[PDB]
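Visitor: Submitted below is the structure of interest, expressed as structure tokens.
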Number of protein chains: 2
Amino acid sequence: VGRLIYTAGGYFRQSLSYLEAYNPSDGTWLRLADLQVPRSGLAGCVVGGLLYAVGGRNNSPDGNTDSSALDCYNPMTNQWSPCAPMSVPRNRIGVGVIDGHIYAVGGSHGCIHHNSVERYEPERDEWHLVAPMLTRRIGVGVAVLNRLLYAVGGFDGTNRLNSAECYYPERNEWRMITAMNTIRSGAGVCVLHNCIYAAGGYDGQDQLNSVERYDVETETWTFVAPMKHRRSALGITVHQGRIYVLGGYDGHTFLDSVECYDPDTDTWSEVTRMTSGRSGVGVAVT
Amino acid sequence: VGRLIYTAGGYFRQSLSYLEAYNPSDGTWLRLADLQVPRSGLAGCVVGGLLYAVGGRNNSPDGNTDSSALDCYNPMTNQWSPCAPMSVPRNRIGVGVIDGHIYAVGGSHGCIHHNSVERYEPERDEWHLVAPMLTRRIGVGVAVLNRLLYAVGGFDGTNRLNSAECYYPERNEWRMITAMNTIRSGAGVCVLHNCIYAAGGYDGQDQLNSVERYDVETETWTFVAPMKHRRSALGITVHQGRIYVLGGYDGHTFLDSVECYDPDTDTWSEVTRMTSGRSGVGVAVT
Ligand code: NA
Ligand code: NA
Ligand code: NA
Ligand code: NA
């Protein structure tokens, strides 16, 4: 099939411009075209074979600037192009795709913590607001399952969250679901074999190595095997029925480690290293 | 004989836990007990031979937590002990001492820019609200002169300030005084030979190297010699009739520079370097 894991931006001493692609078949890395503006705390997603980099910020020694930007990478041309910006900047954003539309969830603009949600239509190059979440969430994770969107954990401006809620696109409304076992902001959230996984993050004291998964029909969260390395602000994605987690912060180091979860054996292994340690990347597969 | 300049906390990529002491006699630095929790934008002060660290925040890769904390350092035991916390968190706070009581002035909690002021009594370990300032002020400097407390400059949420106001403890009220020549948030404010000095800061465009002083009887601000290096969020104190400024930010670099003002000759000289560059430290002498 020949699909790659793309990692965009990140943070080490400042926000970064890197776009690199890992091939899990032959263990190779490509160095592709730099972002036009450095970005960390962003999200990656794919629609119709194009890579999108959504929100984040530029934390340099010269200043802090939260991003409302949407930028589109075409793997055929190795070129980044600007798209219409979001209504508001969103640092530590969550994103999901339903039916070829991009949903931008939560995030921060300076001291402001958003509950607002907006939807991008690629064919019209336009954003529109939809119903807001029940809870303000920054450092939030997002998963799409059965044409519904789930927002998991984060920070509401006062409290770090174990809570999660579910968006119904046809009805345009949110409902709270069963809360996680562990409080998590800056966790990796994805979907594997009809379950929502939450890996790592920060519980208010420590960076986590624990991993839990939500079965939509049993309505219960269950612990699986933990990761080797504790990490917050990790990238996460799924390639060929396996979870890959990229980089993050362990409370001392910005990690170059990539771990892989095999659901059949319930084991994690270290598969490769990024070319340099970083946190707050956006990641997607195409 | 044998008073040291203590520097506590600060920021370089993340909030710091350092306590270090400079001896201007022999040019030595001591490395003392780390703060229990990292802090930047705090203020330092001394009562009865004890050093106090008041307010600030912990800007780490996992979050931004404004601090209401008051912590006491005993140089005889090299130990930090927790004291009663303030009514509210105060980042980029101002602090002054009158009659063995600590005054906490202004600062921020998230989006909120405080005009409130509270007073700590060490003999009872309690805080109480006193009259609020006429102006909301974060990045404010404080000076005590003739048993009155002066609040100088800062940022009110919208505008940076050249305004200054005077607190009367017996009457429990504030009055505006003559405004500075220059707009300054994050200046160093101290008292030397019966005048209030404001050194450096930020005017909304540039970090400043200018220095002006207020004479309470002429009701006039006058420029003196400028520092060698422009800086905001600097530490400031007085030792043996001279002003010491420690570190800060120049719009690109976090400074390790310590400069010294001789008022007899109206000249600044570089006397030493901190072990590492940092801004937003708390400083006091004992
Ligand atoms: Na920055
Ligand atoms: Na996800
Ligand atoms: Na932070
Ligand atoms: Na002062």
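Chain labels run A, B, ... following the order of the structure tokens; each chain numbers its residues from 1, and ligands are numbered from 1 in the order shown.
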Would you mind listing the residues within 10 Å of ligand 2, counting only C-alpha atoms and all ligand atoms, as a PyMOL selection string?

Guide: chain A and resi 43-45+94-97+140-144+149-152+187-191+196-198+235-238+282-284

Visitor: Keeping only N, CA and C atoms, write the selected residues as a JSON list (two decimals), in the first residue's frame.

Guide:
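Written file, again-v6.json:
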```json
[["chain", "number", "residue", "atom", "x", "y", "z"],
["A", 43, "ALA", "N", -2.33, 20.30, 15.33],
["A", 43, "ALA", "CA", -2.79, 18.95, 14.95],
["A", 43, "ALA", "C", -2.61, 18.73, 13.45],
["A", 44, "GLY", "N", -2.35, 17.47, 13.08],
["A", 44, "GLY", "CA", -2.35, 17.00, 11.68],
["A", 44, "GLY", "C", -3.59, 16.17, 11.38],
["A", 45, "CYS", "N", -4.05, 16.22, 10.14],
["A", 45, "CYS", "CA", -5.07, 15.31, 9.58],
["A", 45, "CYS", "C", -4.92, 15.24, 8.04],
["A", 94, "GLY", "N", -7.49, 20.17, 19.36],
["A", 94, "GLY", "CA", -7.83, 18.80, 18.89],
["A", 94, "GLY", "C", -8.52, 18.84, 17.53],
["A", 95, "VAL", "N", -8.26, 17.85, 16.65],
["A", 95, "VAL", "CA", -8.91, 17.77, 15.31],
["A", 95, "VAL", "C", -9.36, 16.34, 15.00],
["A", 96, "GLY", "N", -10.48, 16.24, 14.27],
["A", 96, "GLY", "CA", -11.01, 14.99, 13.70],
["A", 96, "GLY", "C", -11.62, 15.28, 12.34],
["A", 97, "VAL", "N", -11.74, 14.26, 11.48],
["A", 97, "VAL", "CA", -12.37, 14.37, 10.13],
["A", 97, "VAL", "C", -13.62, 13.48, 10.09],
["A", 140, "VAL", "N", -6.51, 18.81, 24.51],
["A", 140, "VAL", "CA", -7.61, 17.84, 24.32],
["A", 140, "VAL", "C", -7.22, 16.82, 23.23],
["A", 141, "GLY", "N", -7.68, 15.58, 23.36],
["A", 141, "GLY", "CA", -7.54, 14.55, 22.32],
["A", 141, "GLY", "C", -8.87, 14.31, 21.62],
["A", 142, "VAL", "N", -8.83, 13.90, 20.35],
["A", 142, "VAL", "CA", -10.05, 13.72, 19.51],
["A", 142, "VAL", "C", -9.94, 12.40, 18.75],
["A", 143, "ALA", "N", -11.06, 11.68, 18.69],
["A", 143, "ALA", "CA", -11.18, 10.37, 18.02],
["A", 143, "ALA", "C", -12.52, 10.35, 17.30],
["A", 144, "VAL", "N", -12.54, 9.78, 16.10],
["A", 144, "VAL", "CA", -13.77, 9.60, 15.28],
["A", 144, "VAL", "C", -14.09, 8.11, 15.19],
["A", 149, "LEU", "N", -17.86, 12.15, 16.81],
["A", 149, "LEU", "CA", -16.58, 12.76, 17.25],
["A", 149, "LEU", "C", -16.52, 12.81, 18.78],
["A", 150, "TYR", "N", -15.45, 12.30, 19.37],
["A", 150, "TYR", "CA", -15.22, 12.25, 20.83],
["A", 150, "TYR", "C", -14.06, 13.20, 21.21],
["A", 151, "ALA", "N", -14.29, 14.08, 22.19],
["A", 151, "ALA", "CA", -13.29, 14.98, 22.80],
["A", 151, "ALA", "C", -12.95, 14.43, 24.18],
["A", 152, "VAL", "N", -11.67, 14.15, 24.41],
["A", 152, "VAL", "CA", -11.18, 13.37, 25.58],
["A", 152, "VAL", "C", -10.15, 14.18, 26.38],
["A", 187, "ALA", "N", -2.53, 14.21, 26.33],
["A", 187, "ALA", "CA", -2.46, 12.77, 25.99],
["A", 187, "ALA", "C", -2.55, 12.57, 24.47],
["A", 188, "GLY", "N", -2.14, 11.39, 23.99],
["A", 188, "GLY", "CA", -2.41, 10.92, 22.61],
["A", 188, "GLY", "C", -3.74, 10.17, 22.57],
["A", 189, "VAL", "N", -4.67, 10.61, 21.73],
["A", 189, "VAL", "CA", -6.00, 9.96, 21.55],
["A", 189, "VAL", "C", -6.16, 9.51, 20.10],
["A", 190, "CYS", "N", -6.53, 8.24, 19.88],
["A", 190, "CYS", "CA", -6.81, 7.65, 18.53],
["A", 190, "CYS", "C", -7.82, 6.49, 18.66],
["A", 191, "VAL", "N", -8.14, 5.86, 17.53],
["A", 191, "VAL", "CA", -9.11, 4.74, 17.38],
["A", 191, "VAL", "C", -8.37, 3.53, 16.82],
["A", 196, "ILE", "N", -11.58, 3.57, 21.55],
["A", 196, "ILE", "CA", -10.87, 4.87, 21.71],
["A", 196, "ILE", "C", -9.74, 4.66, 22.72],
["A", 197, "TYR", "N", -8.49, 4.91, 22.33],
["A", 197, "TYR", "CA", -7.30, 4.81, 23.21],
["A", 197, "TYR", "C", -6.86, 6.21, 23.66],
["A", 198, "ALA", "N", -6.49, 6.34, 24.93],
["A", 198, "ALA", "CA", -5.83, 7.51, 25.54],
["A", 198, "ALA", "C", -4.50, 7.05, 26.14],
["A", 235, "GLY", "N", 2.78, 12.94, 19.85],
["A", 235, "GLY", "CA", 2.00, 12.61, 18.64],
["A", 235, "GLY", "C", 1.54, 11.15, 18.66],
["A", 236, "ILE", "N", 0.38, 10.88, 18.09],
["A", 236, "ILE", "CA", -0.18, 9.50, 18.00],
["A", 236, "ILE", "C", -0.87, 9.33, 16.64],
["A", 237, "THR", "N", -0.76, 8.13, 16.08],
["A", 237, "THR", "CA", -1.49, 7.73, 14.86],
["A", 237, "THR", "C", -1.59, 6.21, 14.78],
["A", 238, "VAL", "N", -2.34, 5.73, 13.78],
["A", 238, "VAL", "CA", -2.54, 4.28, 13.50],
["A", 238, "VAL", "C", -2.08, 3.98, 12.07],
["A", 282, "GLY", "N", 2.18, 17.65, 15.12],
["A", 282, "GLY", "CA", 0.98, 17.12, 14.45],
["A", 282, "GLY", "C", 1.35, 15.91, 13.60],
["A", 283, "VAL", "N", 0.51, 14.88, 13.57],
["A", 283, "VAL", "CA", 0.85, 13.60, 12.87],
["A", 283, "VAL", "C", -0.40, 13.07, 12.15],
["A", 284, "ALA", "N", -0.21, 12.52, 10.96],
["A", 284, "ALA", "CA", -1.27, 11.88, 10.14],
["A", 284, "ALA", "C", -0.62, 10.93, 9.12]]
```

Visitor: For a quick test of understanding: name the residues of chain B lying within 8 Å of chain A when counting only C-alpha atoms, and present them as a ChimeraX atom specification.

Guide: /B:13,61-62,110-111,251-253

Visitor: State, in Å with one decimal place, the distance from atom CA of residue 221 of chain B to atom CA of residue 268 of chain B.

Guide: 19.2 Å

Visitor: Give me the residues within 9 Å of residue 266 of chain A as number ranges by chain, counting only C-alpha atoms and dropping any in the same chain fewer than 5 places off.

Guide: A: 224-225, 261

Visitor: Mind writing the picked residues with N, CA and C atoms as a compact mmCIF listing (two decimals), in the first residue's frame?

Guide:
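For reference, selection20.txt as written:
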```txt
# COMPACT_ATOMS: atom_id res chain seq x y z
N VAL A 224 -4.67 -1.06 29.43
CA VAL A 224 -3.88 -2.06 28.64
C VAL A 224 -2.42 -1.95 29.10
N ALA A 225 -1.47 -2.56 28.40
CA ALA A 225 -0.03 -2.47 28.76
C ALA A 225 0.41 -1.01 28.73
N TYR A 261 2.45 -0.11 19.45
CA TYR A 261 1.55 -1.02 20.22
C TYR A 261 0.96 -2.11 19.30
```

Visitor: Considering only C-alpha atoms, can you say which of A:20, A:270, A:170, A:126 comes closest to residue 98 of chain A?

Guide: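 Comparing A:20, A:270, A:170, A:126 against residue 98 of chain A, the winner is A:170.
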
Visitor: Which of these, A:89, A:263, A:107, A:82, has the shortest distance to residue 136 of chain A once you count only C-alpha atoms?

Guide: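 Ranking A:89, A:263, A:107, A:82 by distance to residue 136 of chain A, first place goes to A:107.
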
Visitor: Fewer than 3 positions away in the same chain doesn't count, so skip those; otherwise give me all residues within 8 Å of segment 161-164 of chain A, counting only C-alpha atoms, as a PyMOL selection string.

Guide: chain A and resi 150-156+176-185

Visitor: Produce a file of the selected residues containing N, CA, C and O atoms, as a PDB file, in the first residue's frame.

Guide:
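Output contents, as saved in part.pdb:
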```pdb
ATOM      1  N   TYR A 150     -15.447  12.297  19.369  1.00  0.00           N
ATOM      2  CA  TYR A 150     -15.216  12.253  20.829  1.00  0.00           C
ATOM      3  C   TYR A 150     -14.062  13.197  21.206  1.00  0.00           C
ATOM      4  O   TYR A 150     -12.978  13.105  20.588  1.00  0.00           O
ATOM      5  N   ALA A 151     -14.295  14.077  22.190  1.00  0.00           N
ATOM      6  CA  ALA A 151     -13.290  14.982  22.795  1.00  0.00           C
ATOM      7  C   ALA A 151     -12.952  14.435  24.178  1.00  0.00           C
ATOM      8  O   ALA A 151     -13.893  14.272  24.999  1.00  0.00           O
ATOM      9  N   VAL A 152     -11.672  14.148  24.410  1.00  0.00           N
ATOM     10  CA  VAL A 152     -11.184  13.367  25.578  1.00  0.00           C
ATOM     11  C   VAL A 152     -10.154  14.182  26.379  1.00  0.00           C
ATOM     12  O   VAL A 152      -9.094  14.547  25.835  1.00  0.00           O
ATOM     13  N   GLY A 153     -10.478  14.459  27.641  1.00  0.00           N
ATOM     14  CA  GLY A 153      -9.554  15.041  28.632  1.00  0.00           C
ATOM     15  C   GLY A 153      -9.252  16.504  28.381  1.00  0.00           C
ATOM     16  O   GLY A 153     -10.126  17.230  27.827  1.00  0.00           O
ATOM     17  N   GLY A 154      -8.052  16.935  28.786  1.00  0.00           N
ATOM     18  CA  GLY A 154      -7.598  18.333  28.617  1.00  0.00           C
ATOM     19  C   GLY A 154      -7.652  19.140  29.910  1.00  0.00           C
ATOM     20  O   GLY A 154      -7.583  18.534  30.992  1.00  0.00           O
ATOM     21  N   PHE A 155      -7.727  20.473  29.785  1.00  0.00           N
ATOM     22  CA  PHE A 155      -7.693  21.467  30.887  1.00  0.00           C
ATOM     23  C   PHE A 155      -8.730  22.534  30.563  1.00  0.00           C
ATOM     24  O   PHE A 155      -8.696  23.026  29.416  1.00  0.00           O
ATOM     25  N   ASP A 156      -9.619  22.857  31.513  1.00  0.00           N
ATOM     26  CA  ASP A 156     -10.794  23.742  31.285  1.00  0.00           C
ATOM     27  C   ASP A 156     -10.499  25.176  31.731  1.00  0.00           C
ATOM     28  O   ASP A 156     -11.396  25.999  31.548  1.00  0.00           O
ATOM     29  N   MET A 176     -22.065  14.264  27.408  1.00  0.00           N
ATOM     30  CA  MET A 176     -21.005  13.699  28.296  1.00  0.00           C
ATOM     31  C   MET A 176     -21.096  12.172  28.255  1.00  0.00           C
ATOM     32  O   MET A 176     -22.223  11.646  28.153  1.00  0.00           O
ATOM     33  N   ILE A 177     -19.954  11.490  28.314  1.00  0.00           N
ATOM     34  CA  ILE A 177     -19.882  10.009  28.383  1.00  0.00           C
ATOM     35  C   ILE A 177     -19.171   9.650  29.682  1.00  0.00           C
ATOM     36  O   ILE A 177     -18.907  10.557  30.467  1.00  0.00           O
ATOM     37  N   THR A 178     -18.888   8.375  29.888  1.00  0.00           N
ATOM     38  CA  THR A 178     -18.198   7.877  31.099  1.00  0.00           C
ATOM     39  C   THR A 178     -16.792   8.473  31.122  1.00  0.00           C
ATOM     40  O   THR A 178     -16.139   8.456  30.081  1.00  0.00           O
ATOM     41  N   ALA A 179     -16.353   8.973  32.276  1.00  0.00           N
ATOM     42  CA  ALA A 179     -15.025   9.594  32.477  1.00  0.00           C
ATOM     43  C   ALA A 179     -13.943   8.515  32.520  1.00  0.00           C
ATOM     44  O   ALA A 179     -14.226   7.383  32.982  1.00  0.00           O
ATOM     45  N   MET A 180     -12.734   8.869  32.090  1.00  0.00           N
ATOM     46  CA  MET A 180     -11.532   7.997  32.148  1.00  0.00           C
ATOM     47  C   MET A 180     -11.204   7.649  33.605  1.00  0.00           C
ATOM     48  O   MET A 180     -11.637   8.381  34.520  1.00  0.00           O
ATOM     49  N   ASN A 181     -10.408   6.594  33.789  1.00  0.00           N
ATOM     50  CA  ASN A 181      -9.795   6.197  35.083  1.00  0.00           C
ATOM     51  C   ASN A 181      -8.792   7.257  35.569  1.00  0.00           C
ATOM     52  O   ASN A 181      -8.687   7.423  36.789  1.00  0.00           O
ATOM     53  N   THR A 182      -8.053   7.912  34.665  1.00  0.00           N
ATOM     54  CA  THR A 182      -6.913   8.818  34.980  1.00  0.00           C
ATOM     55  C   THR A 182      -7.210  10.220  34.422  1.00  0.00           C
ATOM     56  O   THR A 182      -7.728  10.326  33.288  1.00  0.00           O
ATOM     57  N   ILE A 183      -6.869  11.273  35.165  1.00  0.00           N
ATOM     58  CA  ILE A 183      -6.848  12.670  34.640  1.00  0.00           C
ATOM     59  C   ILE A 183      -5.704  12.797  33.618  1.00  0.00           C
ATOM     60  O   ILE A 183      -4.592  12.325  33.919  1.00  0.00           O
ATOM     61  N   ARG A 184      -5.974  13.382  32.443  1.00  0.00           N
ATOM     62  CA  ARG A 184      -4.995  13.510  31.330  1.00  0.00           C
ATOM     63  C   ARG A 184      -5.244  14.802  30.537  1.00  0.00           C
ATOM     64  O   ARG A 184      -6.270  14.886  29.834  1.00  0.00           O
ATOM     65  N   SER A 185      -4.318  15.757  30.604  1.00  0.00           N
ATOM     66  CA  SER A 185      -4.136  16.790  29.552  1.00  0.00           C
ATOM     67  C   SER A 185      -2.857  16.460  28.769  1.00  0.00           C
ATOM     68  O   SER A 185      -1.913  15.856  29.363  1.00  0.00           O
TER      69      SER A 185
END
```

Visitor: Taking only C-alpha atoms and all ligand atoms into account, which of B:109, B:34, B:93, B:56 comes nearest ligand 4?

Guide: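 So, comparing all the options, the nearest one is B:93.
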
Visitor: Give me, please, the distance in Å between atom CA of residue 57 of chain B and atom CA of residue 137 of chain B, quoted to one decimal.

Guide: 16.3 Å

Visitor: According to DSSP computed on the backbone, where in segment 24-245 of chain B is there strand (DSSP E or B)? Give the residues as a PyMOL selection string.

Guide: chain B and resi 28-31+39-40+43-47+50-54+57-60+63-66+70-74+79-83+91+94-98+101-105+108-109+112-113+117-121+126-129+138+141-145+148-155+160-168+173-176+185+188-192+195-199+202+207+211-215+220-223+232+235-239+242-245

Visitor: Near residue 229 of chain B, within 9 Å and counting only C-alpha atoms, which residues show up once chain neighbours fewer than 4 positions away are dropped, as a list in words?

Guide: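 My reading of the contact set: residues 200, 208, 209, 250, 255, 257 and 259 of chain B.
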
Visitor: Pick out the closest residue to ligand 3 from this set: A:68, A:91, A:28, A:115. Count only C-alpha atoms and all ligand atoms.

Guide: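 Result for the nearest residue to ligand 3: A:91.
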
Visitor: Figure out the distance between atom CA of residue 120 of chain A and atom CA of residue 84 of chain A, please, to one decimal in Å.

Guide: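 It comes out at 8.8 Å.
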
Visitor: For residue 239 of chain B, work out the shell of residues within 9 Å, counting only C-alpha atoms and skipping chain neighbours fewer than 5 positions away, then give it as JSON, numbers by chain.

Guide: {"B": [3, 4, 5, 24, 244, 285]}

Visitor: Could you save those same residues with N, CA and C atoms as a PDB file, in the first residue's frame?

Guide:
```pdb
ATOM      1  N   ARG B   3      26.208  41.081  54.472  1.00  0.00           N
ATOM      2  CA  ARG B   3      24.864  40.968  53.836  1.00  0.00           C
ATOM      3  C   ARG B   3      25.053  40.427  52.409  1.00  0.00           C
ATOM      4  N   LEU B   4      24.183  39.511  51.978  1.00  0.00           N
ATOM      5  CA  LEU B   4      24.231  38.924  50.607  1.00  0.00           C
ATOM      6  C   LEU B   4      23.008  39.361  49.787  1.00  0.00           C
ATOM      7  N   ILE B   5      23.168  39.405  48.466  1.00  0.00           N
ATOM      8  CA  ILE B   5      22.063  39.557  47.481  1.00  0.00           C
ATOM      9  C   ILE B   5      21.530  38.156  47.124  1.00  0.00           C
ATOM     10  N   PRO B  24      28.945  40.998  47.305  1.00  0.00           N
ATOM     11  CA  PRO B  24      29.659  42.063  46.589  1.00  0.00           C
ATOM     12  C   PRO B  24      31.069  42.410  47.121  1.00  0.00           C
ATOM     13  N   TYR B 244      21.854  47.422  42.497  1.00  0.00           N
ATOM     14  CA  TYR B 244      22.217  46.215  41.696  1.00  0.00           C
ATOM     15  C   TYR B 244      20.990  45.774  40.877  1.00  0.00           C
ATOM     16  N   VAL B 285      18.027  41.377  50.222  1.00  0.00           N
ATOM     17  CA  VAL B 285      19.352  41.495  50.900  1.00  0.00           C
ATOM     18  C   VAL B 285      19.198  41.158  52.392  1.00  0.00           C
TER      19      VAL B 285
END
```
